[PDB]
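Enquirer: Whatever this is, show me its structure:
(one chain, ligands or ions: 1)
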Amino acid sequence: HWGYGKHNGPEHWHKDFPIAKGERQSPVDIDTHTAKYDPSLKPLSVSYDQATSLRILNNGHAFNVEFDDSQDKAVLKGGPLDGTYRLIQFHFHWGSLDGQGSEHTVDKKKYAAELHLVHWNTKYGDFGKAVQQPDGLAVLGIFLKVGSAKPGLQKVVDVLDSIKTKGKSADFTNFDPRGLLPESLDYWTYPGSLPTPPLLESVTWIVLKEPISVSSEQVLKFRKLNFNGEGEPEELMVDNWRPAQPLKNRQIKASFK
Ligand SMILES: [Zn+2]
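Expert: Numbers count the residues shown, from 1 in each chain. Now the structure:
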């Protein structure tokens, strides 16, 4: 149905998902002059010590590394969050060229890619009930710039050949998401939504100030994936990002001075 092409991309999404023109849509541009530091924020807790990855897959839009969320094994607490959010999966958004690929921007500056770690409020039982509530999801966003290779990313990059096209999957165990984080946990936060259809407005966004560096070679592996299924016309999985949306009446809060 939907995608990132000319006839099924971000400018067509409102037709099937009218909430695309809603009040708390993501992504957004982050204006550092108006993104005020918020002294009420508590420190963010990233607890990935017992994360249990299950698999990696191509869903026709991106690749998703899935995790066992049946217990508190990889969770996010603190920050602006009320309670505990379990990591269910992570995936990236990237461009054709280094010059673009991120969803969020900082003072209009676009990064080569953006990692998203998706988490759901255990108040709700499972992902399914959680995605429909305003306080239902917590996505940790992390920008990627091009430079030194990211060692923790290599395990992912080395299995992408196995999931080239939509519908493919493969066993993917013992992957450690702590290996994808930058040094600082400095972040901006605002109430948003899923950047992909159904675009439900149920996500508390936490975007880290410090990008990670990944090598031109790792990102180049990303680019060889396809949006299409085996046997269909070969469509390179590139530019799977939605551009910035109006901030509207929202405020972006900084965890740092
Ligand atoms: Zn995403």
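
Enquirer: got the residue ranges for the helices in the chain?
Expert: Secondary structure of the chain (DSSP state H): helices located at 13-16, 127-130, 154-157, 216-223.

Enquirer: In contact with residue 239, which residues?
Expert: Residues near residue 239 by CB atoms under 8 Å, 6 or more residues apart in numbering: 4, 94, 95, 96, 100, 101. Where C-beta positions appear, they are placed from N, C-alpha and C, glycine not excepted.

Enquirer: So for residue 138, which of the helices of the chain sits nearest?
Expert: Closest of those to residue 138 is helix 127-130, at 9.7 Å (criterion: CB to CB).

Enquirer: Give me the residues contacting that closest one.
Expert: So helix 127-130 is contacted by 69, 88, 120, 121, 123, 124, 136, 137, 202 (CB under 8 Å, 6+ apart).

Enquirer: Tell me if I'm right that the second one and residue 120 touch.
Expert: Yes - taking contact to mean CB atoms under 8 Å, the distance of 5.8 Å between residue 88 and residue 120 places them in contact.

Enquirer: okay, which residue of this protein is out on the far edge from center?
Expert: Going by CA atoms, centre = their mean, the residue of the chain most distant from its centre is residue 231, 28.6 Å out.

Enquirer: Now, of the contacts of residue 239, which are buried?
Expert: The neighbour count (16 or more other CB atoms under 10 Å) marks 4, 94, 95, 100, 101 as buried among the contacts of residue 239.

Enquirer: got the residues you listed as a markdown table, with distance to residue 73 columns?
Expert: Below are the buried ones among the contacts of residue 239 laid out as a markdown table (distance: CB to CB, whole Å):
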| residue | distance to residue 73 |
| --- | --- |
| 4 | 32 |
| 94 | 28 |
| 95 | 32 |
| 100 | 35 |
| 101 | 30 |
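
Enquirer: tell me which of the residues you listed is nearest to residue 167?
Expert: Using CB to CB, the buried ones among the contacts of residue 239 come closest to residue 167 at residue 4, 17.5 Å.

Enquirer: Which residues are in contact with that closest one?
Expert: 10, 61, 227, 239, 240, 241.

Enquirer: The last one: neighbour count?
Expert: Read that as residue 241. Number of residues near residue 241 (other CB atoms under 10 Å) recorded here: 24.

Enquirer: again with the first one
Expert: For residue 10, the neighbour count with other CB under 10 Å is 19.

Enquirer: How about residue 221?
Expert: Number of residues near residue 221 (other CB under 10 Å) recorded here: 18.

Enquirer: The one 5 residues further on now?
Expert: The number of residues packed around residue 226, counting by other CB under 10 Å, is 20.

Enquirer: Please tell me how far it sits from residue 100.
Expert: Residue 226 is 20 Å from residue 100, where distance means CB to CB, to the nearest Å.

Enquirer: my guess is residue 165 meets residue 229, correct?
Expert: Yes - the pair residue 165 / residue 229 is scored as a contact, 5.3 Å apart, by CB under 8 Å.

Enquirer: between the two, who's got more neighbours?
Expert: Between residue 165 and residue 229, counting by other CB under 10 Å, residue 165 is the more crowded of the two (18 against 14).

Enquirer: For residue 228, see how far away that one is.
Expert: Relative to residue 228, residue 165 is positioned 6 Å away (CB to CB).

Enquirer: rewinding a little: and which of the contacts of residue 4 is nearest residue 41?
Expert: The shortest gap between residue 41 and any of these belongs to residue 241, at 27.1 Å (CB to CB).

Enquirer: Name the nearest residue to that closest one, sequence neighbours excluded.
Expert: Closest residue in space to residue 241, ignoring its immediate chain neighbours: residue 93 at 4.1 Å, by CB to CB, 6 or more residues apart in numbering.

Enquirer: quick one: contacts for the most centrally placed residue in the chain?
Expert: The centroid of the chain falls nearest to residue 116 when counting by CA atoms, centre = their mean (2.0 Å). The neighbourhood of residue 116, defined by CB under 8 Å, 6+ apart, consists of 90, 91, 92, 93, 139, 140, 141, 142.
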